[PDB]
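Peer 1: My structure is below; once you've seen it, I'll send some questions.
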Amino acid sequence: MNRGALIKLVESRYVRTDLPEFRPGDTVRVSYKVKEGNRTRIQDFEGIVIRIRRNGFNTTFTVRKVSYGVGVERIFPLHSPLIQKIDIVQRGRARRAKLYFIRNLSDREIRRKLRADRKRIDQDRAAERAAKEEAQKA
Amino acid sequence: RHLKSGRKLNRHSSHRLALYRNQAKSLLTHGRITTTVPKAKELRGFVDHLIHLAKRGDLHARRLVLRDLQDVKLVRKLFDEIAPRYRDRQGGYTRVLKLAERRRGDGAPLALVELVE
Amino acid sequence: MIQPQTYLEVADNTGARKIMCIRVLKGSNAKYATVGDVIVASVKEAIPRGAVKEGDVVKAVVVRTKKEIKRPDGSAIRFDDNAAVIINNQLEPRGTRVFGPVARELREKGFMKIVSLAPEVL
Amino acid sequence: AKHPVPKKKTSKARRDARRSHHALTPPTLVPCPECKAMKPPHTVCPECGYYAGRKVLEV
Amino acid sequence: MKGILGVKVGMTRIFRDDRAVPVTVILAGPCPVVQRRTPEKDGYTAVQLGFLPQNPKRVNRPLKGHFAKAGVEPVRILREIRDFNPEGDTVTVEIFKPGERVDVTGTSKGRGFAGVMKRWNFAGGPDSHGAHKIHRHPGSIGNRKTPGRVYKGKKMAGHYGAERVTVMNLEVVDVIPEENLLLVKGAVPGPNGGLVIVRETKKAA
RNA sequence: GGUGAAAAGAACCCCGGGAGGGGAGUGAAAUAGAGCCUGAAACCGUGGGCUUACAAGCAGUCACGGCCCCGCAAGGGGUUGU
RNA sequence: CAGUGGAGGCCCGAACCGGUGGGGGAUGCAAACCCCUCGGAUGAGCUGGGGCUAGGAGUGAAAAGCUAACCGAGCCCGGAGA
RNA sequence: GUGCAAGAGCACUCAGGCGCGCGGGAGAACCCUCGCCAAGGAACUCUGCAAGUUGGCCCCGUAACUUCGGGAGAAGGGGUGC
RNA sequence: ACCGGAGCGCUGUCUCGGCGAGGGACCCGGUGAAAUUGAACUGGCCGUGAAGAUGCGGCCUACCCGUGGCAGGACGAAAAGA
RNA sequence: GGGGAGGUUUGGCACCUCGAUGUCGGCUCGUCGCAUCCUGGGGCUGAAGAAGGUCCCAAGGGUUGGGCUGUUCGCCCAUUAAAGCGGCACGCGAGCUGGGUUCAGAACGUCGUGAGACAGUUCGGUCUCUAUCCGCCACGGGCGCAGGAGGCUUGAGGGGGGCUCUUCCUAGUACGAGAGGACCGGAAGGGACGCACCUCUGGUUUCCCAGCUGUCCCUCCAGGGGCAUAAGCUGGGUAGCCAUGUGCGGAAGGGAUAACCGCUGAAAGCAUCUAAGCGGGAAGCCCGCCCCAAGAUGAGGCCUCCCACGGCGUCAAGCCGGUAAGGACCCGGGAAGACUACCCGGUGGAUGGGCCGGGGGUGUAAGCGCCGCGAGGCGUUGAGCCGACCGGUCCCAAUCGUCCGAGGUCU
């Protein structure tokens with residue numbers, strides 16, 4: 001009963017072991033929702049993210065995405081309401097994590113400051129039909 | 001709830017740093033060293049850390065050692081005499097122990113660093 | 001946090017484009033409004049050919065703020081500003097041309113009209 | 001010599017008491033094994049010593 | 001008005017139901033019942049409650065290994081639930097069920113001698129205009145000549161910390177017997193891994 | 001301002017860096033020991049007699065009680081529970 | 001008009017005079033000082049040296065300010081124990 | 001000595017000098033002086049007092065008015081490193 | 001560097017304060033003043049009183065002494081009241 | 001037209017104070033008062049309902065934020081269930097401000113032959129670090145409680161806490177021509193406020209990591225160090241500290257009541273809510289609730305634990321030296337703390353540190369090959385480092401051991 005952390009880690013029937021790995025580079029696609037007097041929806045949300053704050057239990061992620069009005073910032077609790085949430089093209093090579101300088105100048109400098117690592121997509125290429133080779137080897 | 005954490009003080013953060021480092025230099029030169037108790041404590045911790053780094057032998061580490069210190073011949077004797085002996089030792093290579101009387105003039109609890117081997 | 005002595009630009013046709021915060025309809029000690037809130041409003045910067053000239057004093061309901069508020073499931077949301085919607089002494093969105101993403105919080109309050117014409121509700 | 005100034009003398013007995021909770025304080029000593037004198041507790045004596053007793057070079 | 005003894009752990013937010021819940025857990029565990037109490041030779045109705053076993057030589061003497069049943073002593077020793085007569089055995093955690101509301105008692109951590117702002121709460125004032133000499137200060141206390149006394153209990157510059165409080169109306173959502181835990185709508189007073197007694201709530205009876 | 005009749009104004013051992021002291025020794029006297037004759041009070045020490053940790057005060061007065069020390073008695077002084 | 005040239009009780013700002021808005025200091029480092037900021041800044045400038053002018057008198061870009069740290073008449077000393 | 005438009009400026013530092021005639025631990029309230037501040041932006045206040053934003057050099061650009069000198073660094077904006 | 005009024009940007013002036021800083025404050029040792037000071041054995045209420053009391057009546061709270069801290073009162077200290 | 005009460009206003013008096021009692025408003029901090037402004041209840045109404053008016057009881061809690069003016073007063077503003085009045089030296093300058101005020105400058109309007117002066121105005125202008133006693137708030141030392149130690153309690157008394165809005169439902173039924181528009185119960189959110197907590201949100205970290213400037217030095221290169229704050233500058237930032245954040249507190253209910261509404265019932269065959277008896281009835285009173293608290297001199301209670309003659313008191317209470325439960329000195333410390341105390345561990349031990357792992361912070365390092373002449377850059381790489389942190393680990397520090405500790409009043 002000593003390690004309080006032990007106990008909290010035994011509360012870990014609450015875990016998400018099936019979510020797209022991402023850095024505070026980019027992310028994108030979808031999330032979850034409610035919407036209307038019965039709930040019934042999962043309002044899709046893309047996004048270019050900002051912050052990964054690690055809490056183990058609920059390492060939350062704040063996300064920037066600029067829509068039909070202006071810039072919008074939505075933070076998600078990594079583990080329940082969001083069903084699949086799954087992104088588009090992660091991106092990275094970010095030096096920090098906290099993309100706050102983007103609430104300064106969000107424009108082409110955004111595009112002018114982000115390159116996804118190809119190596120990631122190469123890993124995706126391998127794991128693509130190595131997953132069928134996985135559905136082939138023992 | 002201040003202090004509710006740790007770390008002793010009374011200097012400039014810089015002045016602190018430079019003091020710890022110096023004490024390490026003067027130490028590693030000799031081995032058994034007279035100081036005041038609080039000093040002695042945070043001292044033995046800091047220096048111990050440095051010596052466990054010395055227990056390795058990477059250049060990264062080496063510079064890091066002398067990044068916190070000064071003399072080259074000191075890194076020689078460090079990684080040539082000191083570090084080799086305390087090889088099996090996985091802990092406090094320094095032992096600090098209190099002395100009687102107290103620091104004359106204003107009465108302060110004294111202590112002595114030791115080589116411990 | 002929206003309090004008085006704050007500039008709020010509207011997100012519709014209106015006849016205005018910037019309105020300052022006067023008071024709150026909330027309890028006489030609630031000097032604080034946010035999402036789905038009722039704020040009395042002076043008009044400070046408007047556009048000529050229109051209805052609500054500069055100096056007009058009508059009411060308003062916020063759709064968008066620079067301080068995200070936690071949605072009941074621990075997932076917040078912010079719009080980089082202090083945008084509102086103009087309403088009258090009868091709770092009615094005076095204009096007709098709502099602009100940008102609102103907050104569904106408004107939907108639960110009683111501004112069902114906005115929710116509708118609202119493009120991307122969040 | 002400013003605002004707060006003792007208004008009427010302080011009586012001798014009062015001085016006494018202020019100093020009643022004052023007064024000097026005893027020391028406390030411990031026996032030295034492998035030796036024969038007194039030291040402060042857990043300390044080292046240059047006449048006695050700790051285990052092994054490092055130094056002890058009194059003339 | 002039942003009860004249980006407990007130690008504190010956790011605080012999170014378990015996204016149970018559909019929304020989210022700040023969740024503070026506590027370990028009630030094998031918390032002994034080692035002496036009842038009865039009116040004539042007491043005056044109330046009560047039970048002593050122990051806790052965590054690790055006690056060897058440093059405890060000894062009366063033990064109440066006497067009492068009438070030994071069971072040794074915990075090490076966090078024992079306290080008292082009022083108006084409570086148990087079934088007997090060292091009670092555990094499952095005393096309450098997921099679906100109840102309760103009260104919870106524990107010490108407030110030490111913030112010691114504090115400034116009147118961070119205490120009862122005052123105001124101080126003038127960062128600039130006025131002066132610099134009375135930033136975090138009480139300013140006034142009492143009237144001119146009559147009183148000429150300083151109001152007894154006038155919210156003053158003093159201690160604010162190592163105290164104690166009982167909280168009412170919480171909501172224990174979970175309880176695990178397998179490891180002895182009790183999970184409530186996070187509101188726990190006091191630090192993590194400390195002393196805290198749980199007892200049932202009050203409302204209309 | 002003033003040792004003392006007179007310098008006879010302190011050898012020697014002792015502890016101590018000395019400073020200063022402890023005998024020795026000086027003289028009638030060192031409680032004349034060196035800006036020292038004679039040492040009032042305020043003044044801070046130290047030992048012992050009485051009294052004080054439910055206690056409301058211009059502090060003492062008056063009486064009753066008890067504690068200590070006196071006195072041959074009877075009486076007294078000192079103290080303060082009330 | 002261009003080039004030239006380098007005029008200013010010129011312009012920004014050191015040393016250099018000052019002392020403006022503030023904080024600090026208040027038996028202070030200090031019988032006027034520290035920190036921030038300020039204004040003069042080749043001129044009515046500032047500065048080392050020797051000399052002059054005085055108590056109803058001087059000196060004053062003028063406050064009755066300065067004449068030795070307290071000036072509606074300096075200080076001393078004498079009538080004066082007014 | 002080096003660097004920035006330059007320099008008796010500033011930042012580091014030559015050489016020379018020095019650590020300021022009490023300190024040692026804690027790591028309270030509060031105070032001196034100093035940094036960050038959400039979201040709102042003088043709502044504070046007698047008063048934007050104070051603090052802060054602006055900040056240097058090449059480029060671009062400049063009202064009403066005027067005694068043609070000015071107002072002008074008007075303001076508004078662009079670069080600067082390798 | 002003179003007194004208002006306004007506007008932009010900006011900002012802990014404010015909403016409303018939270019942490020952090022080192023240095024003082026607090027504990028160890030060395031040194032160690034001041035104004036003031038009739039003597040104190042100094043709670044409060046409610047009346048009185050030369051009209052605003054721990055000292056007086058009635059009647060009051062509370063073992064004895066201290067450390068840190070605030071500042072209503074002792075008609076608080078310094079000014080033989082401008 | 002009469003009678004009063006109140007002591008805020010405005011005056012009359014000149015007794016304390018001229019060897020000083022520092023006068024305005026605002027900040028801060030209040031507390032009391034009730035002739036209640038808001039919130040309950042109730043009475044009556046020229047009261048259908050609605051809302052209104054007026055009168056009695058009731059201070060528990062509340063009494064907002066901006067504009068002008070030094071200004072309180074006032075008006076305005078947008079609001080609110082509400083924007084109450086007053087006392088306490090018209091509360092509060094050994095607590096602040098000094099803007100207003102009646103210092104010396106100057107001017108202004110102005111009176112005076114004039115120096116100067118004017119409830120006439122204007123611009124500037126030095127609130128004095130050290131709390132002796134009281135009082136208040138926190139904290140200890142001594143003694144206490146008529147055996148000695150631990151541990152768990154009891155509640156004397158006292159303090160805190162008491163608010164309050166809109167909305168849906170009954171039913172658009174009752175009333176009402178309609179417009180309007182309901183009592184009674186229920187249901188859901190709000191605001192201000194007290195409380196505690198770092199999970200989420202976000203500020204925070206004085207050296208946790210990164211980018212960087214000129215520089216000076218190791219060591220010419222890379223690399224690395226200090227300075228620039230008391231971190232040079234910026235970008236981020238765990239723990240712990242926090243509010244805007246977050247879970248909660250005001251309840252329900254019981255008992256006596258006001259004003260008032262009622263029942264049986266007389267004197268005084270009838271009447272009465274009373275003079276006997278009894279019932280309903282308020283955010284008000286007592287409690288429930290939270291917290292203190294047996295210095296509740298009356299020291300309480302419970303549960304255990306230890307025990308005489310050892311030397312003077314023969315008879316009388318002491319006195320003296322170590323012991324038994326025990327407790328402390330010193331140490332290693334602590335979401336404890338000014339000191340103390342409170343809490344924990346002291347070799348049989350994980351208490352600090354060191355070590356290794358976990359998390360988390362930062363974001364591909366020192367260097368190695370590799371492309372451009374080059375600034376650099378591909379790769380080795382989510383690496384290296386690592387402040388508090390969840391813990392494992394006796395590698396080193398908590399060695400040795402010292403001293404205080406009942407001999408048990410009586411009736």
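Labeling convention for the structure tokens: chains A, B, ... as they appear, residues from 1 per chain, ligands from 1 in order of appearance.
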Any chance you could list, as a ChimeraX atom specification, the residues in region 16-115 of chain C that come up strand (DSSP E) when DSSP is run on the backbone?
Peer 2: /C:16-24,38-46,57-62,77-79,84-87
Peer 1: Go ahead and write the residues just picked, N, CA and C atoms, as a PDB file, in the first residue's frame.
Peer 2:
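See part_18.pdb below for the written result:
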```
ATOM      1  N   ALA C  16     -22.702  46.581 -36.865  1.00  0.00           N
ATOM      2  CA  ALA C  16     -21.573  46.900 -36.001  1.00  0.00           C
ATOM      3  C   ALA C  16     -20.488  45.857 -36.210  1.00  0.00           C
ATOM      4  N   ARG C  17     -19.273  46.165 -35.770  1.00  0.00           N
ATOM      5  CA  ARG C  17     -18.176  45.209 -35.871  1.00  0.00           C
ATOM      6  C   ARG C  17     -17.309  45.158 -34.620  1.00  0.00           C
ATOM      7  N   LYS C  18     -17.518  46.100 -33.703  1.00  0.00           N
ATOM      8  CA  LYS C  18     -16.865  46.058 -32.393  1.00  0.00           C
ATOM      9  C   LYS C  18     -17.756  46.614 -31.285  1.00  0.00           C
ATOM     10  N   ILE C  19     -17.990  45.801 -30.259  1.00  0.00           N
ATOM     11  CA  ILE C  19     -18.818  46.210 -29.126  1.00  0.00           C
ATOM     12  C   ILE C  19     -18.141  45.967 -27.758  1.00  0.00           C
ATOM     13  N   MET C  20     -18.182  46.973 -26.886  1.00  0.00           N
ATOM     14  CA  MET C  20     -17.552  46.893 -25.568  1.00  0.00           C
ATOM     15  C   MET C  20     -18.506  46.329 -24.517  1.00  0.00           C
ATOM     16  N   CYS C  21     -17.918  45.666 -23.522  1.00  0.00           N
ATOM     17  CA  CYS C  21     -18.646  44.968 -22.467  1.00  0.00           C
ATOM     18  C   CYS C  21     -19.128  45.867 -21.339  1.00  0.00           C
ATOM     19  N   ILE C  22     -20.443  45.913 -21.178  1.00  0.00           N
ATOM     20  CA  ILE C  22     -21.070  46.594 -20.062  1.00  0.00           C
ATOM     21  C   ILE C  22     -21.853  45.569 -19.237  1.00  0.00           C
ATOM     22  N   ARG C  23     -21.512  45.460 -17.955  1.00  0.00           N
ATOM     23  CA  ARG C  23     -22.263  44.634 -17.001  1.00  0.00           C
ATOM     24  C   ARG C  23     -22.471  43.173 -17.423  1.00  0.00           C
ATOM     25  N   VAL C  24     -23.148  42.409 -16.569  1.00  0.00           N
ATOM     26  CA  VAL C  24     -23.590  41.063 -16.912  1.00  0.00           C
ATOM     27  C   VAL C  24     -25.021  40.888 -16.383  1.00  0.00           C
ATOM     28  N   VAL C  38     -24.825  36.096 -21.085  1.00  0.00           N
ATOM     29  CA  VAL C  38     -25.603  37.279 -21.390  1.00  0.00           C
ATOM     30  C   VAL C  38     -24.843  38.511 -20.903  1.00  0.00           C
ATOM     31  N   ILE C  39     -24.461  39.380 -21.837  1.00  0.00           N
ATOM     32  CA  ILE C  39     -23.629  40.546 -21.527  1.00  0.00           C
ATOM     33  C   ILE C  39     -24.247  41.828 -22.083  1.00  0.00           C
ATOM     34  N   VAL C  40     -24.381  42.869 -21.263  1.00  0.00           N
ATOM     35  CA  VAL C  40     -24.952  44.085 -21.816  1.00  0.00           C
ATOM     36  C   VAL C  40     -23.807  44.706 -22.598  1.00  0.00           C
ATOM     37  N   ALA C  41     -24.116  45.492 -23.615  1.00  0.00           N
ATOM     38  CA  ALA C  41     -23.083  45.907 -24.553  1.00  0.00           C
ATOM     39  C   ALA C  41     -23.264  47.312 -25.094  1.00  0.00           C
ATOM     40  N   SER C  42     -22.185  48.084 -25.033  1.00  0.00           N
ATOM     41  CA  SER C  42     -22.130  49.378 -25.689  1.00  0.00           C
ATOM     42  C   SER C  42     -21.522  49.128 -27.063  1.00  0.00           C
ATOM     43  N   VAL C  43     -21.870  49.950 -28.049  1.00  0.00           N
ATOM     44  CA  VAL C  43     -21.266  49.829 -29.372  1.00  0.00           C
ATOM     45  C   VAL C  43     -20.168  50.881 -29.543  1.00  0.00           C
ATOM     46  N   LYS C  44     -18.941  50.429 -29.805  1.00  0.00           N
ATOM     47  CA  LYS C  44     -17.790  51.329 -29.897  1.00  0.00           C
ATOM     48  C   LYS C  44     -17.271  51.495 -31.326  1.00  0.00           C
ATOM     49  N   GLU C  45     -17.225  50.397 -32.071  1.00  0.00           N
ATOM     50  CA  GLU C  45     -16.800  50.462 -33.462  1.00  0.00           C
ATOM     51  C   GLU C  45     -17.765  49.690 -34.361  1.00  0.00           C
ATOM     52  N   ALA C  46     -18.449  50.435 -35.224  1.00  0.00           N
ATOM     53  CA  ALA C  46     -19.447  49.884 -36.131  1.00  0.00           C
ATOM     54  C   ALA C  46     -19.144  50.289 -37.573  1.00  0.00           C
ATOM     55  N   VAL C  57     -26.484  50.978 -27.527  1.00  0.00           N
ATOM     56  CA  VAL C  57     -26.347  50.151 -26.336  1.00  0.00           C
ATOM     57  C   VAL C  57     -27.360  49.007 -26.318  1.00  0.00           C
ATOM     58  N   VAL C  58     -26.963  47.851 -26.843  1.00  0.00           N
ATOM     59  CA  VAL C  58     -27.857  46.693 -26.894  1.00  0.00           C
ATOM     60  C   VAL C  58     -27.283  45.554 -26.066  1.00  0.00           C
ATOM     61  N   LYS C  59     -27.757  44.331 -26.281  1.00  0.00           N
ATOM     62  CA  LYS C  59     -27.274  43.210 -25.479  1.00  0.00           C
ATOM     63  C   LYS C  59     -26.518  42.206 -26.340  1.00  0.00           C
ATOM     64  N   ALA C  60     -25.963  41.168 -25.720  1.00  0.00           N
ATOM     65  CA  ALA C  60     -25.123  40.233 -26.461  1.00  0.00           C
ATOM     66  C   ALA C  60     -24.962  38.869 -25.801  1.00  0.00           C
ATOM     67  N   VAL C  61     -24.560  37.891 -26.609  1.00  0.00           N
ATOM     68  CA  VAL C  61     -24.255  36.548 -26.127  1.00  0.00           C
ATOM     69  C   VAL C  61     -22.957  36.007 -26.729  1.00  0.00           C
ATOM     70  N   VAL C  62     -21.982  35.732 -25.871  1.00  0.00           N
ATOM     71  CA  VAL C  62     -20.657  35.317 -26.322  1.00  0.00           C
ATOM     72  C   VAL C  62     -20.665  33.954 -27.007  1.00  0.00           C
ATOM     73  N   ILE C  77     -11.970  24.036 -24.871  1.00  0.00           N
ATOM     74  CA  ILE C  77     -11.988  24.577 -26.229  1.00  0.00           C
ATOM     75  C   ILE C  77     -11.931  26.114 -26.238  1.00  0.00           C
ATOM     76  N   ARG C  78     -11.014  26.674 -27.032  1.00  0.00           N
ATOM     77  CA  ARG C  78     -10.832  28.132 -27.125  1.00  0.00           C
ATOM     78  C   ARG C  78     -10.864  28.715 -28.547  1.00  0.00           C
ATOM     79  N   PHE C  79     -11.504  29.870 -28.682  1.00  0.00           N
ATOM     80  CA  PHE C  79     -11.437  30.645 -29.907  1.00  0.00           C
ATOM     81  C   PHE C  79     -10.637  31.917 -29.646  1.00  0.00           C
ATOM     82  N   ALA C  84     -18.618  37.827 -29.805  1.00  0.00           N
ATOM     83  CA  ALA C  84     -19.969  37.641 -29.306  1.00  0.00           C
ATOM     84  C   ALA C  84     -20.975  37.699 -30.441  1.00  0.00           C
ATOM     85  N   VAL C  85     -22.251  37.688 -30.078  1.00  0.00           N
ATOM     86  CA  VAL C  85     -23.346  37.813 -31.027  1.00  0.00           C
ATOM     87  C   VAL C  85     -24.265  38.892 -30.476  1.00  0.00           C
ATOM     88  N   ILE C  86     -24.848  39.720 -31.334  1.00  0.00           N
ATOM     89  CA  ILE C  86     -25.737  40.758 -30.831  1.00  0.00           C
ATOM     90  C   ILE C  86     -27.153  40.243 -30.610  1.00  0.00           C
ATOM     91  N   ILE C  87     -27.680  40.513 -29.416  1.00  0.00           N
ATOM     92  CA  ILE C  87     -29.072  40.214 -29.092  1.00  0.00           C
ATOM     93  C   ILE C  87     -29.804  41.396 -28.448  1.00  0.00           C
TER      94      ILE C  87
END
```
Peer 1: Taking 5 positions as the minimum chain separation for residues in the same chain, which residues sit within 10 Å of region 368-383 of chain J when counting only C-alpha atoms (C1' of nucleotides)? Answer as a list in words.
Peer 2: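 The residues that qualify are residues 23 of chain A; 82 of chain H; 363 of chain J.
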Peer 1: Take the residues from that selection and write them out as a PDB file, in the first residue's frame, keeping N, CA and C atoms (P, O5', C5', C4', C3', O3' and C1' of nucleotides).
Peer 2:
```pdb
ATOM      1  N   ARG A  23       4.039  13.082 -31.993  1.00  0.00           N
ATOM      2  CA  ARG A  23       4.781  14.125 -31.303  1.00  0.00           C
ATOM      3  C   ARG A  23       4.029  15.446 -31.462  1.00  0.00           C
TER       4      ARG A  23
ATOM      5  P     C H  82      27.469  38.551 -39.434  1.00  0.00           P
ATOM      6  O5'   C H  82      27.648  37.055 -39.936  1.00  0.00           O
ATOM      7  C5'   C H  82      27.958  36.028 -39.011  1.00  0.00           C
ATOM      8  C4'   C H  82      27.718  34.669 -39.604  1.00  0.00           C
ATOM      9  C3'   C H  82      28.282  34.443 -40.992  1.00  0.00           C
ATOM     10  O3'   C H  82      29.678  34.216 -40.995  1.00  0.00           O
ATOM     11  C1'   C H  82      26.089  33.593 -40.889  1.00  0.00           C
TER      12        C H  82
ATOM     13  P     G J 363      12.783  21.917 -25.754  1.00  0.00           P
ATOM     14  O5'   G J 363      13.464  20.796 -26.659  1.00  0.00           O
ATOM     15  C5'   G J 363      14.876  20.771 -26.820  1.00  0.00           C
ATOM     16  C4'   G J 363      15.378  19.422 -27.269  1.00  0.00           C
ATOM     17  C3'   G J 363      15.295  19.166 -28.773  1.00  0.00           C
ATOM     18  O3'   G J 363      16.495  18.551 -29.225  1.00  0.00           O
ATOM     19  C1'   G J 363      14.188  17.428 -27.589  1.00  0.00           C
TER      20        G J 363
END
```
Peer 1: Select from chain B everything DSSP, run on the backbone, classes as alpha helix (DSSP H), then give the selection as an MDAnalysis selection string.
Peer 2: chainID B and resid 13:29 37:54 59:68 72:77 83:85
Peer 1: Name the residues in contact with region 107-112 of chain E at a cut-off of 9 Å, using only C-alpha atoms (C1' of nucleotides), excluding same-chain residues fewer than 6 positions from it; report them as a PyMOL selection string.
Peer 2: (chain B and resi 1-2) or (chain E and resi 158-166+189-191+194-196) or (chain H and resi 28) or (chain J and resi 196+335-337)
Peer 1: May I have the residues within 10 Å of residue 40 (chain I) as a list in words, using only C-alpha atoms (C1' of nucleotides) and disregarding those fewer than 3 positions away in the same chain?
Peer 2: residues 8, 9, 10 and 11 of chain D; 57, 58 and 59 of chain F
Peer 1: I need the chosen residues saved as a PDB file, in the first residue's frame, with N, CA and C atoms (P, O5', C5', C4', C3', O3' and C1' of nucleotides).
Peer 2:
```
ATOM      1  N   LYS D   8       7.177  54.746  31.365  1.00  0.00           N
ATOM      2  CA  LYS D   8       7.494  54.288  32.737  1.00  0.00           C
ATOM      3  C   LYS D   8       8.546  53.177  32.796  1.00  0.00           C
ATOM      4  N   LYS D   9       9.407  53.250  33.806  1.00  0.00           N
ATOM      5  CA  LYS D   9      10.486  52.283  34.009  1.00  0.00           C
ATOM      6  C   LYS D   9       9.997  50.839  34.032  1.00  0.00           C
ATOM      7  N   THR D  10      10.885  49.910  33.701  1.00  0.00           N
ATOM      8  CA  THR D  10      10.624  48.493  33.916  1.00  0.00           C
ATOM      9  C   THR D  10      11.162  48.057  35.287  1.00  0.00           C
ATOM     10  N   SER D  11      10.318  47.391  36.073  1.00  0.00           N
ATOM     11  CA  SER D  11      10.704  46.956  37.415  1.00  0.00           C
ATOM     12  C   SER D  11      11.728  45.833  37.389  1.00  0.00           C
TER      13      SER D  11
ATOM     14  P     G F  57      -6.912  44.400  44.404  1.00  0.00           P
ATOM     15  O5'   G F  57      -5.338  44.167  44.387  1.00  0.00           O
ATOM     16  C5'   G F  57      -4.514  44.685  45.425  1.00  0.00           C
ATOM     17  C4'   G F  57      -3.602  45.763  44.909  1.00  0.00           C
ATOM     18  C3'   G F  57      -4.318  47.034  44.466  1.00  0.00           C
ATOM     19  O3'   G F  57      -3.547  48.190  44.779  1.00  0.00           O
ATOM     20  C1'   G F  57      -3.195  46.052  42.610  1.00  0.00           C
ATOM     21  P     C F  58      -4.237  49.387  45.599  1.00  0.00           P
ATOM     22  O5'   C F  58      -3.009  50.217  46.172  1.00  0.00           O
ATOM     23  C5'   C F  58      -2.183  50.962  45.293  1.00  0.00           C
ATOM     24  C4'   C F  58      -1.438  52.052  46.014  1.00  0.00           C
ATOM     25  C3'   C F  58      -2.307  53.021  46.814  1.00  0.00           C
ATOM     26  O3'   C F  58      -1.541  53.532  47.911  1.00  0.00           O
ATOM     27  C1'   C F  58      -1.173  54.205  45.127  1.00  0.00           C
ATOM     28  P     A F  59      -1.414  52.730  49.306  1.00  0.00           P
ATOM     29  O5'   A F  59      -0.820  51.314  48.891  1.00  0.00           O
ATOM     30  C5'   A F  59       0.580  51.073  48.951  1.00  0.00           C
ATOM     31  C4'   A F  59       0.864  49.602  49.076  1.00  0.00           C
ATOM     32  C3'   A F  59       2.320  49.182  48.868  1.00  0.00           C
ATOM     33  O3'   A F  59       2.636  48.092  49.740  1.00  0.00           O
ATOM     34  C1'   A F  59       0.928  48.090  47.293  1.00  0.00           C
TER      35        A F  59
END
```
Peer 1: Please return, as a ChimeraX atom specification, all residues of chain E lying within 12 Å of chain G when only C-alpha atoms (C1' of nucleotides) are considered.
Peer 2: /E:127-133
Peer 1: May I ask you to extract the residues of chain C within 12 Å of chain I, using only C-alpha atoms (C1' of nucleotides), and to give them as a ChimeraX atom specification?
Peer 2: /C:1-5,31-32
Peer 1: Could those residues be written to a file, using N, CA, C and O atoms, as an mmCIF file, in the first residue's frame?
Peer 2:
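Saved file part_4.cif follows:
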```cif
data_model
loop_
_atom_site.group_PDB
_atom_site.id
_atom_site.type_symbol
_atom_site.label_atom_id
_atom_site.label_comp_id
_atom_site.auth_asym_id
_atom_site.auth_seq_id
_atom_site.Cartn_x
_atom_site.Cartn_y
_atom_site.Cartn_z
ATOM 1 N N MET C 1 -11.794 34.953 -19.536
ATOM 2 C CA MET C 1 -12.746 35.646 -18.671
ATOM 3 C C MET C 1 -13.151 37.005 -19.246
ATOM 4 O O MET C 1 -12.315 37.899 -19.406
ATOM 5 N N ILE C 2 -14.434 37.151 -19.562
ATOM 6 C CA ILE C 2 -14.936 38.418 -20.064
ATOM 7 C C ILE C 2 -15.542 39.226 -18.931
ATOM 8 O O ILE C 2 -16.456 38.763 -18.252
ATOM 9 N N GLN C 3 -15.009 40.426 -18.721
ATOM 10 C CA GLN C 3 -15.547 41.363 -17.741
ATOM 11 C C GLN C 3 -15.795 42.690 -18.459
ATOM 12 O O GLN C 3 -15.456 42.817 -19.638
ATOM 13 N N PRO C 4 -16.409 43.675 -17.779
ATOM 14 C CA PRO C 4 -16.530 44.983 -18.434
ATOM 15 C C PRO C 4 -15.181 45.628 -18.794
ATOM 16 O O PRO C 4 -14.120 45.098 -18.451
ATOM 17 N N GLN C 5 -15.240 46.759 -19.495
ATOM 18 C CA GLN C 5 -14.050 47.438 -19.998
ATOM 19 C C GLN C 5 -13.272 46.497 -20.906
ATOM 20 O O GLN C 5 -12.043 46.493 -20.906
ATOM 21 N N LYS C 31 -19.590 39.416 -11.734
ATOM 22 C CA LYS C 31 -18.960 40.298 -12.701
ATOM 23 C C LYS C 31 -18.252 39.495 -13.779
ATOM 24 O O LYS C 31 -17.312 39.979 -14.401
ATOM 25 N N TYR C 32 -18.708 38.269 -14.009
ATOM 26 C CA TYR C 32 -18.012 37.390 -14.938
ATOM 27 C C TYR C 32 -18.882 36.604 -15.910
ATOM 28 O O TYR C 32 -19.785 35.868 -15.513
#
```
